[PDB]
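>>> Show me how the following folds:
(chains A and B)
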Number of protein chains: 2
Amino acid sequence: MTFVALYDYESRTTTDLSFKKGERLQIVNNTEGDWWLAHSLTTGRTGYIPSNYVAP
Amino acid sequence: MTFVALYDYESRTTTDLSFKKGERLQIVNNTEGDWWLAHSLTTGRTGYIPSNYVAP
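Numbers count the residues shown, from 1 in each chain, chains lettered A, B, ... in the order given. Dropping the coordinates below:
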């Protein structure tokens, strides 16, 4: 259910969450799933993807 | 190792990857881990966090 921040994190974009070590966080269930850093073998581009959009 | 895009996805920020259905993608191993949408019970803010930054 609930996690705790091991480290400070400063947001790098408009969608990530800043937090300081020790905060208590709850994971939100979204349709998109976990996000992974991926490389497209098709296009050569790279960045984060919604795991629920892909399959092995 | 390798996944395939089930759906089109259009990037919403500077760090996500756009792709069209059918592309082949490889997951990149990063230090940050998976990213989760989280809600901070401490601050009330919400957004994506690097899973490796937190523990239960």
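>>> Can you name the residues that contact the residue located most distally from the centre of chain A?
Centroid-distance maximum for chain A: residue A:42 at 22.8 Å, with C-alpha atoms, centre = their mean. By C-beta atoms under 8 Å, 6 or more residues apart in numbering or on different chains, the residues touching residue A:42 are B:19, B:22, B:23, B:24, B:25. Where you see a C-beta, it was placed from the backbone N, CA and C, and this is true even at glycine.
>>> Let's verify residue A:52: helix, strand, or coil?
At residue A:52 the chain is in helix, as set by DSSP: H, G, I helix; E, B strand; the rest coil.
>>> now swap in residue A:44 and tell me
Quick answer, by three-state DSSP: residue A:44 is coil.
>>> So it versus residue A:14, what's the distance?
From residue A:44 across to residue A:14, the span is 25 Å (C-beta to C-beta, to the nearest Å).
>>> If you count surrounding residues, which of those two has more?
Each of residue A:44 and residue A:14 has its neighbours counted (other C-beta atoms under 10 Å in any protein chain shown); residue A:14 has more, 10 against 7.
>>> Apart from its chain neighbours, what residue comes closest to that one?
Leaving aside its sequence neighbours, residue A:14 sits nearest to residue B:13 (C-beta to C-beta, 6 or more residues apart in numbering or on different chains; 6.2 Å).
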